[PDB]
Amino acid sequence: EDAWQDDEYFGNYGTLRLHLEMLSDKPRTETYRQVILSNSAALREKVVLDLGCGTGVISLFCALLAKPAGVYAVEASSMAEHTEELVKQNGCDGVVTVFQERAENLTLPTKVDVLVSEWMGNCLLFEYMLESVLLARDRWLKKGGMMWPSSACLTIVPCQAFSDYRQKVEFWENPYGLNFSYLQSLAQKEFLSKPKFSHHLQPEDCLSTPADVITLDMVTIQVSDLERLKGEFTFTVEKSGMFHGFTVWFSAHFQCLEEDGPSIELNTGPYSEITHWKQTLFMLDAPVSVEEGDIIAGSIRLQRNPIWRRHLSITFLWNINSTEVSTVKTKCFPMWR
């Protein structure tokens, strides 16, 4: 709870600021509402566990847009005290029970048919709320029950970012006519060493088609699998341009409760409506100019921080039109420790 930094994590969720940003995310919130809508009939007399309910929005969707047997809304932060009043004021305190408890030390009156949760962090895994979700799945989800989302994908693409490199590195060349170029090394180390949250990747700055590189099956994935997640990639560049680095985002997928129904997707990428996650930019130390037909191949590794359990390091290995050990570049981005 210290190397999980639980006081700070859950303290940030006791304030309205973070909830205001989540409910203002329309693609994110309306996706969950449509999953409940699209599955309303199948959810009747089911028992739902809303893990990390926050203000309770997903629980109210279940209770008001369907007729389940019961909904267990679980929130560890102080916001749970208000959730209890919100479900009362929306006429749902006969269906929704609110537990101010952590998923880890959770006691529910029965097992559940569906576990629904909005746990995705930056680059899917940041803050590792996924670990809580999986612990509660193992203890409380019935065999054959539903996980919502049911799978999740990490997608990447080699990209351009002239805006970022010129304002943070090439800016120092001649501002107002002065030679501040000596600061470029420290600009490199301070600005390009860390990932850039809330990057808005424009479609015309993709140098290939994005590829899913990691996929998580929410029914089979084990907590031990999250220690070290790695995927392979190969890209053939389709526009001539400048390879400044990689942009990353995720997708969440929601299987229909019934065989015959189609899946619902939450896409945080550049061809979908922007979300509060936006995309995440990882810049190379030095840009390299590419041209159509070039191949950028390698791997991406999401290595969990062994001490600070809410953090991870993302390591890129890549190669340009070569398969040799000596042309292989690497770079490691902390997120955040």
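Residue indices: 1-based, along the sequence shown.
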**Item:** Of 162-170 and 124-132, the one with larger mean CA B-factor
**Value:** 162-170
**Item:** 255-263 versus 92-100 - which carries the larger mean C-alpha B factor in the record
**Value:** 255-263
**Message:** Just the C-alpha B-factor column, please: which of 297, 281, 49, 58 has the biggest number?
**Reply:** 297
**Prompt:** Among 204, 118, 113, 227, where is the Cα temperature factor highest, going by the PDB entry?
**Reply:** 204
**Third of the chain's Cα B-factor distribution that residue 243 belongs to, per the entry** = highest
**Prompt:** Comparing residue 10 with the other modelled residues of its chain, is its CA B-factor in the lowest, middle or highest third?
**Reply:** lowest
**Complete:** Tertile call for residue 329 (CA temperature factor, within chain, third-based) is the highest
**Prompt:** Among the chain's modelled residues, which third holds the C-alpha B-factor of residue 149?
**Reply:** lowest
**Asked** C-alpha B factor of residue 321, ranked within the chain: lowest, middle or highest third?
**Response** highest
